[PDB]
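Let me begin by presenting the structure, written as structure tokens, before commenting on it.
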Amino acid sequence: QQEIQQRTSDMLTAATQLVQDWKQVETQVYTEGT
Amino acid sequence: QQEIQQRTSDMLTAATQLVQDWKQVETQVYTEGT
Amino acid sequence: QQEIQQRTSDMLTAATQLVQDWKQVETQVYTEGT
Amino acid sequence: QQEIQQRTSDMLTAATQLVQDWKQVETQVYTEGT
Amino acid sequence: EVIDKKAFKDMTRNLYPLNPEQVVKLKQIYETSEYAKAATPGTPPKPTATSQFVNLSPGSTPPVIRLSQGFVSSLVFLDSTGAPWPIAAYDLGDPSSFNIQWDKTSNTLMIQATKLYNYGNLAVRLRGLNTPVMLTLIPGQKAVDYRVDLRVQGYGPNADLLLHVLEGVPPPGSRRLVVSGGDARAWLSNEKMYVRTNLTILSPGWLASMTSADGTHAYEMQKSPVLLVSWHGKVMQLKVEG
Amino acid sequence: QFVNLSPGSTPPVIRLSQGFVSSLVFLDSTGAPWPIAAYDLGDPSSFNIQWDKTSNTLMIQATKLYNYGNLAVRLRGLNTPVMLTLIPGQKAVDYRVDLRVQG
Amino acid sequence: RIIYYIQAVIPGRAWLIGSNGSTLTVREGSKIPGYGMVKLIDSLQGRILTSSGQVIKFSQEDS
Amino acid sequence: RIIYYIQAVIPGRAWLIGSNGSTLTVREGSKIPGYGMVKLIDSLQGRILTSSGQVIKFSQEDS
Amino acid sequence: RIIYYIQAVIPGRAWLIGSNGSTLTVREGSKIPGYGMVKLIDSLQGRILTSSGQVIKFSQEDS
Amino acid sequence: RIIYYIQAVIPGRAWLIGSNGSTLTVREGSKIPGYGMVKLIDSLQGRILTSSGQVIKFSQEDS
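Protein chains in written order, with my numbering: chain A, 1 to 34; chain B, 1001 to 1034; chain C, 2001 to 2034; chain D, 3001 to 3034; chain E, 4001 to 4242; chain F, 5001 to 5103; chain G, 6001 to 6063; chain H, 7001 to 7063; chain I, 8001 to 8063; chain J, 9001 to 9063.
Here's what the structure looks like:
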């Protein structure tokens, strides 16, 4: 049952990545013309 | 029986993170237009 | 038995921090507009 | 008996701090405006 | 093949070590500690504002001012006629314990004390007076002076109720009355009662009347238990009692 | 609420919400706006007071959670100061305080 | 009878509003006109105890 | 009988205001007319003993 | 009668707009004519319980 | 009978365009007049079931 850490290690950074990508919210912009 | 401290340690760093968030609060912004 | 000394130490540190917060008092501000 | 010198030292430190406070006396100030 | 499922579950546990219920209760004890560290020392003082007529006698006692911890006290100088009288000069003992924001030509002073139980004195010189004025002040009482109106025995260089009852301020020493079928607030103070409503009275005749900008009616009236009121073609009788 | 300027009158109080705008306005007997001349505040860290220098409204937020404060305002036509006090953290946030004055 | 509503409540002091509009403040040891002796003031839960057997609370519109 | 209330109070000195607007400051051993002497002047809790046994405190309204 | 739709829902308060046009905001303990006493408020799922048992919800077409 | 076509389909929300020219965005649980009730939403393959057994899709030659 020593294989648990191996699936733990493979998934962890992938788990840690998309949260910041989910935290990636960007501002609105506004443009005019003349 | 000794799994408390490792459960405690990361919980404190998690607790230290959130206690910063509720502590700080930014100001307002007053706008004037013409 | 040393937990008494430990709790005394960190309670002392927290108490010093909060009484440092207690002794702060700032000054008034006056604003004049025309 | 052997703890007297320990109980003297904390009694020494704050009292030495204490004698500065009643030594501190500031000066009179004056404001003139028309 | 459920090894990945167990790994996903326990890595969710390791990613988020806190229960959401624990998050809620940690927030609860957080603001509880905030309330504890924002608690008040003892019972709070009573906020009071006072007026006082000062004494220029060479044997009288100078007045004593209660000082609040950090809260501004406004001390306003007026003469015998109550006209404004700005101060030529001012000086305070122990400048660290108190704050001053003094406008250049006002007859007012704003004072913010800093230390908890240390008392001091203040001396001013008036603009139209040779005589200087000295007060004393102690902090940390159970009554805190928001505004002290000081009046000078000497003379300075310089020497209504209908509005109040239309705005909604009853006269002092007045009581309410019971009116049958009428939307009138009635105050009886000095045997000439004041009536506040939206109606136009018809029978006894107004002695003094005010009609507002919004359109309410205030009348003065002698004591009589029966009135006749006309309202837009309707006629009725009102009983006023107590 | 009406502001009573009697010497023994009880000063007004304002319930506050942290991080939220409190709208303090001043009104006279006719209902005209009375412009604000000058003001003074102790403990400026707890309260941010945006104020246009010729306006008559105050849009103030409170920084702390359970720290009551006071406020002083002197008007254009009045030699008498107006003092108020405010307390944060209540069960009803005063979204608007219309201070009706006597004069 | 004049009914008061809780407006401002701190530890120690409390503020009520009279039925005629006369708002006021009170503490633990004081005499309330129209209700007698002020029994207890709680900073939490919005409860004021009286010697008249009355627990003054917030208004329903003020809550 | 002019009634005195406490206007100001420190350890040692005390300040009293009577009914007519007169005010004065009292030490421990002092002559107060109508009341005699002062036995205790408790700076805490706003309580003052008199030689007649009378307990001088603040006003109820001005407390 | 007069029909209320939820517009703002949070844990602790709820904003309800009547079919008459006016609106109100409520807590757990508040009295609403036409429904009685609020029993429970659920922040998710749009569920608010009454003394009459009627579940206050969003509008059916407006959700 | 107005023929409804699928305009935009995501999990949660659905945009269905009728043959009358009007389209509607609806949630999962909503009663469609003239077709009945949509019980499930399948984002794959653009299939929407109704309570009267019919299936809303895109157009055969306009999709």
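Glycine included, C-beta positions come from ideal geometry on N, C-alpha and C.
Which of helix, strand or coil DSSP assigns to residue i
| i | result |
| --- | --- |
| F5002/F | strand |
| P4058/E | coil |
| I7006/H | strand |
| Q5050/F | strand |
| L4018/E | coil |
| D4010/E | helix |
| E4031/E | helix |
| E2003/C | helix |
| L18/A | helix |
| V4023/E | helix |
| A4036/E | helix |
| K8057/I | coil |
| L4067/E | strand |
| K4046/E | strand |
| residue 7998/I | The question about residue 7998/I has no answer, for chain I in this structure spans 8001 to 8063. |
| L12/A | helix |
| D9062/J | coil |
| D4145/E | strand |
| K4005/E | helix |
Identity of the residues DSSP links to residue i by a beta bridge
| i | result |
| --- | --- |
| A4218/E | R4196/E and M4210/E |
| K9031/J | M9037/J |
| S5022/F | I5060/F |
| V5082/F | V5073/F |
| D7042/H | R7047/H |
| residue 3968/E | There is simply no residue 3968/E to check, as chain E begins at 4001 and stops at 4242 in what is shown. |
| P4084/E | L4078/E |
| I4138/E | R4066/E |
| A4186/E | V4195/E |
| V4178/E | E4241/E |
| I4201/E | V4229/E |
| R5100/F | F5002/F and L5027/F |
Start and end residues, beta strand (DSSP E) containing residue i
| i | result |
| --- | --- |
| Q4237/E | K4234 to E4241 |
| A9014/J | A9014 to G9018 |
| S4230/E | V4226 to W4231 |
| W3022/D | First-last for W3022/D: undefined, no H or E at that position. |
| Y4117/E | Premise fails: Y4117/E is in no beta strand (DSSP E) and is neither H nor E. |
Residue range of the unbroken alpha helix (DSSP H) whose run includes residue i
| i | result |
| --- | --- |
| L4166/E | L4161 to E4167 |
Could you name the residues of the stretch 6005-6037 of chain G whose beta carbon sits closer than 8 Å to any beta carbon of chain E, in the order they occur along the chain?
Correct list: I6010, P6011, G6012, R6013, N6020, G6021, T6025, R6027 and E6028.
By the 8 Å beta-carbon criterion, what residues does the stretch 5025-5042 of chain F contribute toward chain C?
Cβ contacts with chain C: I5036, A5037, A5038, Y5039, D5040, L5041 and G5042.
Could you please tell me which residues of the stretch 2004-2029 of chain C, in chain order, have their CB closer than 9 Å to any CB of chain F?
If the cut-off is 9 Å between Cβ atoms, the stretch 2004-2029 of chain C has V2025, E2026, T2027, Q2028 and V2029 near chain F.
Tell me which residues of the stretch 4093-4115 of chain E have at least one Cβ-Cβ distance to chain C shorter than 8 Å, keeping chain order.
Cβ contacts with chain C: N4099, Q4101, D4103, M4110, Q4112 and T4114.
Residues from the stretch 4035-4057 of chain E in contact with chain G, defined by Cβ distance under 7 Å
Residues of the stretch 4035-4057 of chain E with a Cβ closer than 7 Å to any Cβ of chain G, in chain order: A4039, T4040, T4043 and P4044.
Quick one, which residues of the stretch 4132-4143 of chain E are near chain H if we go by CB-CB under 8 Å, in chain order?
Answer set for the stretch 4132-4143 of chain E: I4138, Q4141, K4142 and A4143.
Contact residues within the stretch 4004-4020 of chain E, judged by C-beta distance below 7 Å to chain B:
Per Cβ criterion, the list reads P4017 and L4018.
With 9 Å as the limit, tell me which residues of the stretch 6036-6051 of chain G have their beta carbon closer than that to any beta carbon of chain F; keep them in chain order.
Legend: CB atoms of the stretch 6036-6051 of chain G lying less than 9 Å from CB atoms of chain F belong to residues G6046.
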